[PDB]
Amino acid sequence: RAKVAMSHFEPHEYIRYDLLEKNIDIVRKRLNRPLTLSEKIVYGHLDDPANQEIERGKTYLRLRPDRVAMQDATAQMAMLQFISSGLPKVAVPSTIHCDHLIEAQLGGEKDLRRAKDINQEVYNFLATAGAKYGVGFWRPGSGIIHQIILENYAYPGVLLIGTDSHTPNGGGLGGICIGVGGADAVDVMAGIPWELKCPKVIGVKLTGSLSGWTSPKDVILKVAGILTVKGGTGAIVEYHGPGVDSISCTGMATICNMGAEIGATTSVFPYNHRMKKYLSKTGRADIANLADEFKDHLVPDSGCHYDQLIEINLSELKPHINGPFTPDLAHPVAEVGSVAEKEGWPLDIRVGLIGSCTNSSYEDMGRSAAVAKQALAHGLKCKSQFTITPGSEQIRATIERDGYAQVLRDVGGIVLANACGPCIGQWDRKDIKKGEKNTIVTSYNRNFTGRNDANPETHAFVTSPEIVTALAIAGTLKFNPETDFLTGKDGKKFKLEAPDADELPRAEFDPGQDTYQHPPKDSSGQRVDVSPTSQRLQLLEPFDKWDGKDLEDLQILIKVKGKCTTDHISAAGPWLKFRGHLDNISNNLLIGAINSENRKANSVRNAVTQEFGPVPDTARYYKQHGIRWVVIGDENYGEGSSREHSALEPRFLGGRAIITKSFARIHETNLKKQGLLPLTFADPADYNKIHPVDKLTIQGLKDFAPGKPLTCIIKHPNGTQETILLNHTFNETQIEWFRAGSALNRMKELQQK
């Protein structure tokens, strides 16, 4: 067919739209109905299109992704599991991005130099493991994973998996890009079929066009408020309608990115002329030309069925700001000043932060510079502190060149390194004390308790970068940029003009400094060294195989009340230092979860000593004494980040099962991957029948089967017992992971030894 390479770094890896077409056509002959766009790309990547059972929301699809991307806070454990498999080389194009371990303190170059000294052991491990197993390496300073992917790797029709829940960002260039845990990435790098529960499809029809202060970010802030954080679970969100051509390609990536906050499997836009334009401006005109020839397979079929349809008229959409502790609490910017006042949320904004993968594009930076130049023209600078994170080295070099970085410095901003930084709590924040109630506003995406600065009382609101800039200049939530007046230096009141800026550079992008390191695919004689006394890295010891017995008289480690995110189960911020060291990071296990017994975080009753203490310590005490334990959770357990450490840590400290009213998708898969039993109540009211003092027996593991519930005997201390049923979503592939002790143990059994 055409021999068009998948990226500039892999000249020999060709795009296979011929394969996609062939597979779409086998499947539509079977289904005889219109296919949505997500169905075309997902069913087009089936391992066996002729025999795969395809029912939305019910069957597990065996898929073949085109490539794997990893960022350095999850790559360490994905590669330590890959190193246990014993396989010599990755089977598909794979990259590591070093973006999560650079702490914001001094700004830009200074923080990057310091991170390279501090994290030398880890950057060394990842570069060497990358060279040995054939994984491309983007050096510290290169940029945030998802901006590097949109710029270099995402193309229409790709199926890409990434070990980061915001990998959906690539849906802005028409690909299916899905967040997974490190063990799922190992399947694909190992060459075995990846499984995904067949998604439902929510369609969002966009009408009208964006005007003025409304930006692409307001579309997904509104959609999150509508669907809530659990409304997208098990579905792909597919944007369509006449309003789509109104949105820039990075704008589409912003909307797909934050669909992670409603729990969606991913989000996608149809191939169109804005994407074509972006591909051509990023050196990939040949890929846009090939996608023009396969265009029919890159847009939805006429008359396809969505399981839910939502319509948003872009012309009536107004600026939004969401939070403070969930991203689906949505307020128009016009009313947040008055809701804050009523709810006792701090009105004064201490810090305004723009960037992150969600909103660090050239257009985002130009729109923020457009607000800032107006303030400068009246002799004002920011009242709040103001930070700017460029998404990649190319964007930093180009906004520097086109003058936007200097405008942002002149209003009072500090340009941080091209890294997550304050977004995952890598921020040496010193302006407030811990426990001090305060407000920050960001153009990020999640705003969960203590995530940006480890202070549980920081109230963080997420909005668009131009609204963060406008509010940073005013310094208060009681300021609506559309209606209110500022007072210049000269004494005149003035109003901010709605920002307008170019979506892409008129000239070409300036690539900035060299940061990609290609694997030697010759040599590969790298020894990966992990010192046995390292505090940051530790080789894995395999978990135990199942003993063949039912789980009786399980102790409840903690019955959690309410929202329990993976930042509650395994915090980030300072704990990122231990992401390659399982025993050391297990000391944060569940320290953020609220215990229903006393309403406290990190205080559970040790059943033997009758002392209340830290959750990690209690779990290690139970494990020392052979007491097997369980966690009882509420709705949407495991919401958020994909970090598989929230599943590896309970397995390591002797946990056996997590029984909840419902699970978020990626955490439930990670639990099964590590040999734990994620189970849900067949009747969610049974959560109220279990008290922290009860012992539980899970029976029926011997005839464990897809679709058959397990019986749980609740043993009350007074001698009463109650039997309840627990459902599970295991298929026979997954039951084999459980019986072997973990998916990696099963994979190693299949290696004939």
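From 1 onward, residues are counted along the sequence shown.
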*Taking the mean of the C-alpha B-factors per stretch from the entry, tell me the winner out of 638-646 and 130-138.*
130-138
*Given the B-factors recorded for C-alpha atoms, which segment has the greater mean, 687-695 or 36-44?*
687-695
*Could you say which of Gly613, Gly241, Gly181, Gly107 has its CA atom at the highest B factor, as listed in the PDB entry?*
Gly107
_Using only the C-alpha B-factors in the record, can you name which of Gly263, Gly352, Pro456, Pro168 has the highest?_
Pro456
*By its CA B factor, does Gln734 count among the lowest, middle or highest third of the modelled residues in the chain?*
middle
*asked:* Quick check for you: using the entry's CA B-factors within this chain, is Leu725 in the lowest, middle or highest third?
replied: middle
*asked:* By the recorded C-alpha temperature factor, relative to the other modelled residues in its chain, which third is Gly626 in?
replied: highest
_Chain-wide C-alpha B factor ranking for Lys373, given as lowest, middle or highest third_ = highest
*Within this chain's modelled residues, let me know which third the CA B factor of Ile54 belongs to: lowest, middle or highest.*
middle
